[PDB]
Structure formats: C-alpha cells, structure tokens
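Asks: Can you read through this structure? Questions will come right after.
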Amino acid sequence: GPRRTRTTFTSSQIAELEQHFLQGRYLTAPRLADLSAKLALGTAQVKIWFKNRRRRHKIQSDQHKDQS
DNA sequence: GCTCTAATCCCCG
DNA sequence: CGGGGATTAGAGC
C-alpha cells in the first residue's frame, strides 16, 4: 500500500454515500463518478466504501445466524 | 504501540 | 471490473 488512507470520512460522506447508493446499490463507472463529484472524494474511495458496506452488513448478520 | 477499520493484495465469477 | 476474504498499514487514542 504505498499511501493508504488518502482520505478520512465523516458522517457527511456516509450521508452522501448511503443516499446516492439507494439509487444504485452496486457500483459502475457512472455511480462512482456521480458520488465522487458529490462527496468530493476520489472514485476509488466509492468502490472501497460499497465493499466495506457489504462486509459490515454480512459480518453483523453472520454473528446473528439462526437455524430450523 | 494498541486500537480503529478503511484501505490493500490476490481471487471469484 | 467490482464484490470481497483475509491481512496490512495510517489515523486516532
């Protein structure tokens, strides 16, 4: 990683990220360009957030597995 | 340095 | 090409 954490989030980036996510729950170039302009963050951080969001979701649900 | 955890390097499909 | 499993490495305490 030659220079990780070239960015640091806040509640305002999570507020954008989540509200433009709702309109396209998977990334593409257009989803990623549009969020990059609005958050005022690189297109690489948008990917890295969508990825981190799925991991946080499915981690917390696996810790709450059930059975029948 | 431990801790927080978003970011990093290889794989899945 | 992004999801993403498992681990690395910078921001904060």
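Here the Cβ is made from the backbone with ideal geometry for all residues, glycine too, and neighbour counts use every protein chain on show. Throughout, read-outs are computed from the coordinates displayed, never taken from laboratory work.
Asks: So, of the residues in segment A:34-53 that are under 12 Å from the mean Cα position of the chain (by Cα) and basic (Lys, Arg), which turns out to be nearest to DNA strand B (Cβ to nearest atom)?
Replies: The selected residue is A:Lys51.
Asks: Identify the residue in segment A:15-50 that is of a type outside the set (A, V, I, L, M, F, W, C) and surrounded by fewer than 11 Cβ atoms within 10 Å (Cβ to Cβ) and, among all such residues, is farthest from A:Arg3 (Cα to Cα).
Replies: Within segment A:15-50, the match that is farthest from A:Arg3 (Cα to Cα) is A:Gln23.
Asks: Ok, one more. Only one residue in A:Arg31, A:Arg56, A:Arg3 is near DNA strand B (Cβ under 9 Å from one of its atoms) and assigned to a helix (DSSP H, G or I), so which one is that?
Replies: Just one listed residue meets the conditions, A:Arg56.
Asks: Now for a separate question. Under 7 Å between Cβ atoms, at least 6 apart or on separate chains: pull out the pairs that start in segment A:35-50 with a residue that is under 17 Å from A:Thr8 (Cβ atoms) and end on any residue that is of a type in the set (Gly, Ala, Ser) and not in a helix (DSSP H, G or I).
Replies: Matching pairs, first to second residue: A:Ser36/A:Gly42.
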